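Just one chain is shown here, as structure tokens, and it is the form deposited in one PDB entry.
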């Protein structure tokens, strides 16, 4: 009956205290449709031995814990953010594996399982989310929890040649098979996991997507995470804040290219800046008549790799504006700031081009949000990296390879001069795909698949 969701990041009930990130947006979407309990990190450190904080808002209940400084450091900043995140994004050169980080990662997964245990009922359907919690089912099983437990990976699962470089890949794979159901964003993610598993041990697969390894039974499946198209429509059509109501009037003959994401090296922001520079170099007709705005709030700012990409991005903004700016025209607006999601939906609506070219991305909700926010009668154009999970479904976007800056520049140019009729038909095709594959659909398919398996 009752759904129990666990993730590291939560969306707070005070909704504009939100931090950038697709997982929390997704899960809140799901929970609002389902009902249930959300157990996860409050986002604060210190006071770890205080009782769980609990808030109820309609059909959702939140239970949060704090983490000690050391746990946050070893489990979150080191293992999750400087081993798993880079490795799953094919950045082995950025992995920073050390044994104490691994031990802390295991230590907090165990701790969190101790803290969740008293909240659970026999009934519960338990849904664990994302790379912070790979060991979590295994920790619940050793505490005797026999409930259905499903896992969903929000980020890519990398091929063996990358995954097996993890010193501890070994244990990770064993422990993932303690889940009853493993959900992935794309077929390639699922197949990659199954590949890694097969390299280590014999996996029997006697039915579509139903497996045995080390005598443990489990199911795999693909559920591309979505968005609430109706709600973003509503928020995108609400009035603009006064200061932006001005800027819209002033920029009446300027076209807007707009991008928004956490400042993460997975997102290819320097390559993007370079593609914009190539646009300005090779298509001088756009000078003074277009504007690229990049919103990039700091994310995980304690991890060295994140500091480096941020400094690199500041350099490129200064450089590009330094070179192509005029007294009365800044080509590139870089904002290292967090914007309310409500507001972003409006900004999307008034952008002529959404630029979403991550080097590697499990899904990318910004891409779907961009489409859902457009005025169907006069929609902008989506330029999308082929490496974003969303490219499997947003097939009518201008699909590009971000490693080819000139291909991205050309797609920006095509997007800026695209006729209304082509923009209508590209948009309506994309909108239909994301309406059919609702966050409500995601949630439904996963829970239904989970409820369908018999527990051990």
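If you superpose the two forms and keep the largest set of C-alpha atoms that fall within 1.5 Å, you have the rigid core. Shifts are known only where both forms have a C-alpha. Residue numbers count along the first chain shown, from 1.
In what follows, reference is made to the form deposited in another entry, a form of this protein that is not presented.
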Inset, instruction - Identify which of 431, 391, 34, 398 has its C-alpha displaced by 2 Å or more between the shown form and the other one once the rigid core is superposed. - result: 34
Legend entry - C-alpha of residue 419 moved at least 2 Å between the shown form and the other one on rigid core: no
Legend entry - Rigid-core frame, C-alpha of residue 410, shift of 2 angstroms or more between the shown form and the other one: no
Legend entry - Cα-Cα shift for residue 29 and residue 451, closer or farther in that other deposited form, minimum 3 Å: closer
Legend entry - Rigid-core superposition between the shown form and the other one, with residue runs of at least 3 whose C-alphas all shift by 2 Å or more: 9-12, 22-37, 50-62
